[PDB]
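S.K.: need a structure here:
(one chain, ligands or ions: 1)
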Amino acid sequence: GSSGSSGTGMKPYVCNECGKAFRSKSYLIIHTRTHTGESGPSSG
Ligand SMILES: [Zn+2]
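M.R.: Residues are numbered from 1 along each chain as shown. See the structure here:
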């Protein structure tokens, strides 16, 4: 039991890149990688 959610950052497992909030760090880690979806698709 505790009220604060403080630590070595602003959000818990939220993506500080886009803001995607998750339940566990494992969910944010496997996501933060998806951000690498630029090379593939592109435009002329
Ligand atoms: Zn993200």
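S.K.: ok, now which ones touch the closest residue in space to residue 25 that isn't next to it in sequence?
M.R.: Among residues not flanking residue 25 along the chain, residue 13 sits closest, at 4.8 Å (CB to CB, 6 or more residues apart in numbering). Heads up, the C-betas are built off the backbone N, CA and C, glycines and all. Taking CB atoms under 8 Å, 6 or more residues apart in numbering, we find residue 13 in contact with 21, 22, 23, 24, 25, 27, 28.
S.K.: Isn't residue 16 up against residue 9?
M.R.: Yes. Between residue 16 and residue 9 there is a contact under CB atoms under 8 Å: 7.2 Å.
S.K.: Return the residues of this protein in contact with the ion.
M.R.: Within the chain, the positions near the ion by CB under 5 Å from the ion are 15, 17, 18, 20.
S.K.: Among the residues you listed, which are located in strands?
M.R.: Among the residues of the chain next to the ion, DSSP state E puts none in strands.
S.K.: Between all of these, which two are separated the most?
M.R.: Spatially, the most separated pair among the residues of the chain next to the ion is 17 and 20, at 8.0 Å (CB to CB).
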